[PDB]
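K.L.:
One file is attached below, data-v2.tsv, containing TSV, N, CA and C atoms.
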chain	number	residue	atom	x	y	z
A	1	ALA	N	34.17	67.32	173.39
A	1	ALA	CA	33.43	66.09	173.00
A	1	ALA	C	34.16	64.86	173.54
A	2	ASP	N	34.15	64.67	174.83
A	2	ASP	CA	34.84	63.48	175.41
A	2	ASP	C	34.24	62.22	174.81
A	3	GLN	N	34.67	61.81	173.65
A	3	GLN	CA	34.23	60.49	173.09
A	3	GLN	C	35.40	59.55	173.33
A	4	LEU	N	35.22	58.45	174.01
A	4	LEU	CA	36.40	57.57	174.22
A	4	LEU	C	36.88	57.11	172.85
A	5	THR	N	38.17	57.17	172.61
A	5	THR	CA	38.71	56.75	171.29
A	5	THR	C	38.94	55.24	171.28
A	6	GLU	N	39.08	54.66	170.12
A	6	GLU	CA	39.29	53.19	170.03
A	6	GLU	C	40.54	52.77	170.81
A	7	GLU	N	41.60	53.54	170.74
A	7	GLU	CA	42.84	53.18	171.49
A	7	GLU	C	42.58	53.27	172.99
A	8	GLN	N	41.89	54.28	173.44
A	8	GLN	CA	41.61	54.39	174.90
A	8	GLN	C	40.76	53.19	175.31
A	9	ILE	N	39.82	52.80	174.48
A	9	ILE	CA	38.97	51.64	174.84
A	9	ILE	C	39.83	50.38	174.91
A	10	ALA	N	40.71	50.20	173.97
A	10	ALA	CA	41.57	48.99	173.98
A	10	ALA	C	42.44	48.95	175.25
A	11	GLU	N	43.13	50.02	175.56
A	11	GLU	CA	43.99	50.00	176.78
A	11	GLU	C	43.12	49.66	178.00
A	12	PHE	N	41.93	50.19	178.07
A	12	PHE	CA	41.05	49.86	179.22
A	12	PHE	C	40.71	48.37	179.18
A	13	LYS	N	40.45	47.84	178.03
A	13	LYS	CA	40.09	46.40	177.92
A	13	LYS	C	41.25	45.51	178.38
A	14	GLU	N	42.45	45.80	177.96
A	14	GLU	CA	43.60	44.95	178.37
A	14	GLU	C	43.72	44.99	179.88
A	15	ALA	N	43.61	46.15	180.46
A	15	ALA	CA	43.73	46.26	181.94
A	15	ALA	C	42.56	45.52	182.59
A	16	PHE	N	41.39	45.66	182.05
A	16	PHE	CA	40.20	44.98	182.63
A	16	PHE	C	40.39	43.47	182.53
A	17	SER	N	40.91	43.01	181.43
A	17	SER	CA	41.09	41.55	181.25
A	17	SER	C	42.05	40.92	182.26
A	18	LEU	N	43.05	41.68	182.66
A	18	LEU	CA	44.07	41.18	183.64
A	18	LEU	C	43.39	40.75	184.95
A	19	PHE	N	42.30	41.36	185.32
A	19	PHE	CA	41.63	40.99	186.61
A	19	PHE	C	40.41	40.11	186.34
A	20	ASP	N	40.29	39.61	185.14
A	20	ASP	CA	39.19	38.67	184.81
A	20	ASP	C	39.80	37.27	184.87
A	21	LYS	N	39.85	36.70	186.04
A	21	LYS	CA	40.52	35.38	186.21
A	21	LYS	C	39.73	34.22	185.61
A	22	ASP	N	38.44	34.31	185.52
A	22	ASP	CA	37.66	33.14	184.99
A	22	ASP	C	37.32	33.34	183.51
A	23	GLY	N	37.70	34.43	182.90
A	23	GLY	CA	37.36	34.61	181.47
A	23	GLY	C	35.86	34.85	181.33
A	24	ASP	N	35.26	35.51	182.30
A	24	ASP	CA	33.79	35.78	182.24
A	24	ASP	C	33.53	37.22	181.79
A	25	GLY	N	34.57	38.00	181.63
A	25	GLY	CA	34.39	39.41	181.17
A	25	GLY	C	33.94	40.31	182.33
A	26	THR	N	34.10	39.88	183.56
A	26	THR	CA	33.67	40.72	184.72
A	26	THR	C	34.75	40.75	185.80
A	27	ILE	N	34.72	41.77	186.61
A	27	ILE	CA	35.72	41.90	187.72
A	27	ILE	C	34.95	42.25	188.99
A	28	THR	N	35.48	41.96	190.13
A	28	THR	CA	34.75	42.28	191.39
A	28	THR	C	34.98	43.73	191.79
A	29	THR	N	34.14	44.25	192.65
A	29	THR	CA	34.29	45.65	193.12
A	29	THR	C	35.61	45.82	193.89
A	30	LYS	N	36.03	44.82	194.61
A	30	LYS	CA	37.29	44.93	195.41
A	30	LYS	C	38.51	45.07	194.49
A	31	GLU	N	38.41	44.66	193.24
A	31	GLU	CA	39.60	44.75	192.33
A	31	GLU	C	39.51	46.01	191.47
A	32	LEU	N	38.45	46.77	191.61
A	32	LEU	CA	38.32	48.00	190.78
A	32	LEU	C	39.48	48.96	191.08
A	33	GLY	N	39.73	49.25	192.32
A	33	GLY	CA	40.85	50.17	192.67
A	33	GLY	C	42.17	49.68	192.04
A	34	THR	N	42.47	48.41	192.16
A	34	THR	CA	43.76	47.91	191.57
A	34	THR	C	43.76	48.13	190.06
A	35	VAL	N	42.67	47.88	189.39
A	35	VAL	CA	42.64	48.12	187.91
A	35	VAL	C	42.91	49.61	187.68
A	36	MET	N	42.30	50.45	188.48
A	36	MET	CA	42.50	51.92	188.34
A	36	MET	C	43.99	52.26	188.54
A	37	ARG	N	44.59	51.71	189.58
A	37	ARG	CA	46.04	51.97	189.85
A	37	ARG	C	46.87	51.49	188.65
A	38	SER	N	46.52	50.37	188.08
A	38	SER	CA	47.28	49.87	186.90
A	38	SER	C	47.00	50.81	185.72
A	39	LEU	N	45.89	51.51	185.72
A	39	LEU	CA	45.58	52.42	184.58
A	39	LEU	C	46.27	53.79	184.78
A	40	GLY	N	46.87	54.02	185.92
A	40	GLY	CA	47.58	55.32	186.16
A	40	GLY	C	46.70	56.30	186.96
A	41	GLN	N	45.90	55.81	187.88
A	41	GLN	CA	45.03	56.73	188.69
A	41	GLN	C	45.27	56.43	190.17
A	42	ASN	N	45.09	57.41	191.03
A	42	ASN	CA	45.31	57.22	192.49
A	42	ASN	C	44.07	57.72	193.25
A	43	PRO	N	43.05	56.91	193.34
A	43	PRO	CA	41.78	57.30	194.02
A	43	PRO	C	41.82	57.12	195.54
A	44	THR	N	41.09	57.91	196.28
A	44	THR	CA	41.09	57.75	197.77
A	44	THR	C	40.12	56.63	198.14
A	45	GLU	N	40.13	56.21	199.37
A	45	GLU	CA	39.22	55.11	199.79
A	45	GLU	C	37.76	55.57	199.68
A	46	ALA	N	37.45	56.75	200.14
A	46	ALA	CA	36.03	57.22	200.06
A	46	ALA	C	35.60	57.31	198.59
A	47	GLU	N	36.48	57.75	197.72
A	47	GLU	CA	36.09	57.83	196.28
A	47	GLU	C	35.88	56.41	195.76
A	48	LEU	N	36.68	55.48	196.21
A	48	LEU	CA	36.51	54.08	195.74
A	48	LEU	C	35.18	53.54	196.27
A	49	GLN	N	34.86	53.79	197.50
A	49	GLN	CA	33.58	53.26	198.05
A	49	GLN	C	32.40	53.86	197.30
A	50	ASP	N	32.49	55.12	196.94
A	50	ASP	CA	31.35	55.76	196.22
A	50	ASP	C	31.24	55.12	194.84
A	51	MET	N	32.34	54.92	194.18
A	51	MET	CA	32.29	54.28	192.84
A	51	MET	C	31.70	52.89	193.00
A	52	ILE	N	31.97	52.25	194.10
A	52	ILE	CA	31.45	50.87	194.31
A	52	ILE	C	29.95	50.91	194.57
A	53	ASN	N	29.50	51.81	195.37
A	53	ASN	CA	28.06	51.90	195.68
A	53	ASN	C	27.25	52.30	194.44
A	54	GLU	N	27.84	53.00	193.50
A	54	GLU	CA	27.07	53.42	192.30
A	54	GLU	C	26.94	52.24	191.32
A	55	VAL	N	28.02	51.58	191.02
A	55	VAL	CA	27.98	50.46	190.04
A	55	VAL	C	27.24	49.25	190.59
A	56	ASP	N	27.15	49.11	191.87
A	56	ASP	CA	26.44	47.93	192.46
A	56	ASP	C	25.15	48.39	193.14
A	57	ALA	N	24.40	49.18	192.44
A	57	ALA	CA	23.13	49.71	193.00
A	57	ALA	C	22.18	48.60	193.44
A	58	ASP	N	22.15	47.54	192.68
A	58	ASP	CA	21.24	46.40	193.01
A	58	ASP	C	21.85	45.54	194.12
A	59	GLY	N	23.15	45.67	194.30
A	59	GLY	CA	23.83	44.95	195.44
A	59	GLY	C	24.57	43.66	195.04
A	60	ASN	N	25.07	43.50	193.83
A	60	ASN	CA	25.75	42.18	193.48
A	60	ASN	C	27.28	42.29	193.58
A	61	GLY	N	27.81	43.40	194.02
A	61	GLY	CA	29.29	43.52	194.19
A	61	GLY	C	30.09	43.05	192.96
A	62	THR	N	29.63	43.28	191.76
A	62	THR	CA	30.43	42.84	190.55
A	62	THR	C	30.34	43.92	189.46
A	63	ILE	N	31.39	44.06	188.67
A	63	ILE	CA	31.40	45.10	187.58
A	63	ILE	C	31.72	44.44	186.24
A	64	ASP	N	30.93	44.74	185.24
A	64	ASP	CA	31.18	44.18	183.88
A	64	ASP	C	31.91	45.25	183.05
A	65	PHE	N	32.47	44.88	181.93
A	65	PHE	CA	33.24	45.87	181.12
A	65	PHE	C	32.43	47.15	180.76
A	66	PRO	N	31.23	47.06	180.22
A	66	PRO	CA	30.46	48.30	179.85
A	66	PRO	C	30.19	49.20	181.06
A	67	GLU	N	29.89	48.65	182.21
A	67	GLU	CA	29.68	49.52	183.40
A	67	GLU	C	31.03	50.17	183.72
A	68	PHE	N	32.11	49.46	183.55
A	68	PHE	CA	33.45	50.05	183.82
A	68	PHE	C	33.73	51.16	182.81
A	69	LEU	N	33.34	50.95	181.57
A	69	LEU	CA	33.58	51.99	180.53
A	69	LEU	C	32.76	53.25	180.86
A	70	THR	N	31.54	53.09	181.32
A	70	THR	CA	30.71	54.28	181.64
A	70	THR	C	31.33	55.03	182.82
A	71	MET	N	31.87	54.33	183.79
A	71	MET	CA	32.50	55.04	184.95
A	71	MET	C	33.73	55.78	184.43
A	72	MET	N	34.46	55.18	183.53
A	72	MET	CA	35.68	55.84	182.97
A	72	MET	C	35.27	57.12	182.22
A	73	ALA	N	34.26	57.01	181.41
A	73	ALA	CA	33.80	58.18	180.60
A	73	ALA	C	33.34	59.32	181.52
A	74	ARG	N	32.68	59.00	182.60
A	74	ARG	CA	32.19	60.06	183.52
A	74	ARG	C	33.39	60.72	184.22
A	75	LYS	N	34.40	59.94	184.52
A	75	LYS	CA	35.60	60.49	185.22
A	75	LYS	C	36.45	61.32	184.24
A	76	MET	N	36.40	61.03	182.98
A	76	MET	CA	37.22	61.82	182.01
A	76	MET	C	36.62	63.23	181.86
Please, can you express the file's structure as structure tokens?
P.N.:
Amino acid sequence: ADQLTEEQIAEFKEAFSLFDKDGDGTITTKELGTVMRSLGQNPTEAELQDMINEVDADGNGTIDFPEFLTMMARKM
């Protein structure tokens, strides 16, 4: 039952907030890999591009916290 726990959600939020420079609660696709590296993951470039093409299906090159949480849950 991969249910993200409250502590796992908090650690993800602190890491997500570090790349939110304007306090808008969102991060760009180019900073996703760095957030992942700060979270303890080592993704390849092709895996990063695929994660980018899925979250930006409409084409706005930006990721909000809930979309980031859903990508995390699918990877767990």
K.L.:
Using only C-alpha atoms, find the one residue out of A:18, A:76, A:32, A:1 that sits nearest to residue 47 (chain A).
P.N.:
A:32
K.L.:
Can you pull out the residues contacting residue 61 (chain A)? Cut-off 6.5 Å, using all atoms listed in the file, and skip same-chain residues under 2 positions away; I want them as a PyMOL selection string.
P.N.:
chain A and resi 27-30+56+58-59+63
K.L.:
Would you mind writing down, as a PyMOL selection string, each residue of chain A that DSSP on the backbone assigns to helix (DSSP H, G or I)?
P.N.:
chain A and resi 6-18+29-39+45-55+65-75
K.L.:
Provide the CA of residue 46 (chain A) to CA of residue 4 (chain A) distance in Å, to one decimal place.
P.N.:
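CA of residue 4 (chain A) lies 25.8 Å from CA of residue 46 (chain A).
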K.L.:
Based on DSSP run over this structure's backbone, return all residues of region 2-63 of chain A in strand (DSSP E), as a list in words.
P.N.:
residues 26, 27, 28, 62 and 63 of chain A
K.L.:
Give me, please, the distance in Å between atom C of residue 19 (chain A) and atom C of residue 66 (chain A), quoted to one decimal.
P.N.:
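Going from atom C of residue 19 (chain A) over to atom C of residue 66 (chain A) covers 14.7 Å.
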K.L.:
If I wrap all listed atoms of region 62-66 of chain A in a box with edges along x, y and z and add 3 Å on each side, what are its centre and edge lengths in Å to one decimal, as JSON?
P.N.:
{"center_x": 31.4, "center_y": 46.0, "center_z": 185.8, "size_x": 9.6, "size_y": 12.4, "size_z": 17.9}
K.L.:
At what distance in Å, to one decimal, does atom N of residue 69 (chain A) lie from CA of residue 10 (chain A)?
P.N.:
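Atom N of residue 69 (chain A) lies 11.4 Å from CA of residue 10 (chain A).
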K.L.:
Can you tell me, as a PyMOL selection string, what residues are no more than 12 Å from residue 2 (chain A) when counting only C-alpha atoms, ignoring any on the same chain fewer than 4 positions away?
P.N.:
chain A and resi 8+70+72-76
K.L.:
Taking (46.7, 53.9, 182.9) as a centre in this file's frame and 10 Å as the limit, can you find every polymer residue with an atom that close, using only C-alpha atoms, and give them as a PyMOL selection string?
P.N.:
chain A and resi 8+11-12+15+35-41
